[PDB]
């Protein structure tokens, strides 16, 4: 079994996604995403071997007929998904990058002499890396896996197949205290002006933590307003809001549509309703009460009510979120909020492995 991602980190954390070029993985239909992992010889889990984009049904090349059942098998692109590490842990960042590059060289040899065969659980020649196979019911095939023989491909990685996910303490969003927080606050959907706006709206209120409440308000309001902007732009069905009722033609399959996720640029990966937990019951009520008018002064009553209710009931920004991540003291853990960089910016390029 592939180990689950560690959930706790002392400070800011980073995870990477690396979609490979030059090969496919074929597995039975409805198989688990994870088929293995790469760890250091010391035992530290570095990255998962996963199936990503469905490339169509698998057809075993006739010249490689082996008496085995490949019925209903599907071909997918391979994506190397790192196990998160501390952002300032130079060794852990580099080991992940080096392990990913080694596996690409291993994959290059695999498609040359073992085309249409599963990966074997092996140790690297230098002893640094170990492959663990959790699902042996898979095959690795060159290119798109139609031909029995390869085109002598070198397995590569490129910025277009790359993503990064940054995890920060939820209390820090809006503080601009660290370079990571400043980078996340630069998100085009984040409106820092909403912090001072909340302070102006709550002068007569005796709040437990005024600065924290303003930070949570700005964060949540920015997400709620962007969701309403995207629902209007892309014609998305949110809760009971019908885009067609406002003469909007749908041009996206929902909140999880790649182009909707790309429109965020810095995509929130944590359930918005989780942040309410970092505040007192009183402060959370004060924050939540002030969000509705921000939506209603910019969007229709139906869109405003539907966006507000969706996130209030624990609605996700773009599908299943990473909601169990924590930061700080191991014994008294604080909520961590995650963000996916749809395109890796210049500030995070050093965390990504490069073939060239």
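Numbering follows the first chain given and starts at 1.
Of the two segments, 297-305 and 315-323, the one listed with the higher mean B-factor is 315-323 (C-alpha atoms only).
The mean C-alpha temperature factor is higher for 118-126 when 118-126 and 72-80 are set side by side. Take 202, 270, 221, 256 and read off each C-alpha B-factor from the entry; 202 has the highest.
Highest CA B-factor among 166, 100, 284, 266, as stated in the entry: 284. Sorting the modelled residues of the chain by their CA temperature factor places residue 49 in the lowest third. Residue-level temperature factors show residue 158 in the highest third of its chain, judged at the C-alpha atom.
In this PDB entry, residue 215 carries a Cα temperature factor that places it within the middle third of its chain's modelled residues. Split the chain's modelled residues into thirds by C-alpha temperature factor. Residue 41 is in the highest one. In the deposited entry, the Cα temperature factor of residue 90 sits in the top third of values across the chain's modelled residues.
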